[PDB]
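A short write-up of the structure that comes next.
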Amino acid sequence: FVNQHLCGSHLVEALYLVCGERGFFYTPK
Amino acid sequence: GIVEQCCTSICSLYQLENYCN
Ligand SMILES: [Cl-]
Ligand SMILES: [Zn+2]
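Now the structure itself:
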């Protein structure tokens with residue numbers, strides 16, 4: 001796998017891909 | 001947070017896993 005910059009909706013799409021059925025929390029500061 | 005970690009700098013898919021429930 002690789003590192004990358006993930007911003008805005010792209011970050012949330014990545015979380016969906018990684019966590020899937022587990023669910024996730026998106027909590028910006 | 002996740003935004004400083006992954007947007008401002010770069011992050012790995014493994015670090016994203018830290019935010020799974
Ligand atoms: Cl964009
Ligand atoms: Zn875009």
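Protein chains in written order, with the authors' numbering: chain B, 1 to 29; chain A, 1 to 21.
We put the beta carbon where it would ideally sit given N, CA and C, even for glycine.
Here A/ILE10 is exposed. Its C-beta has fewer than 16 other C-beta atoms within 10 Å. Around the CB of A/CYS6, 16 or more other CB atoms lie within 10 Å, so the residue is classed as buried. Counting C-beta atoms within 10 angstroms of its own C-beta, B/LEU15 has 16 or more neighbours from the protein chains shown and is therefore classed as buried. In summary, B/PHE24 is buried, with 16 or more beta-carbon neighbours lying within 10 Å of its beta-carbon over all protein chains present.
Under the 10 Å beta carbon count, B/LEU6 is surrounded by 16 or more other beta carbons and is classified as buried.
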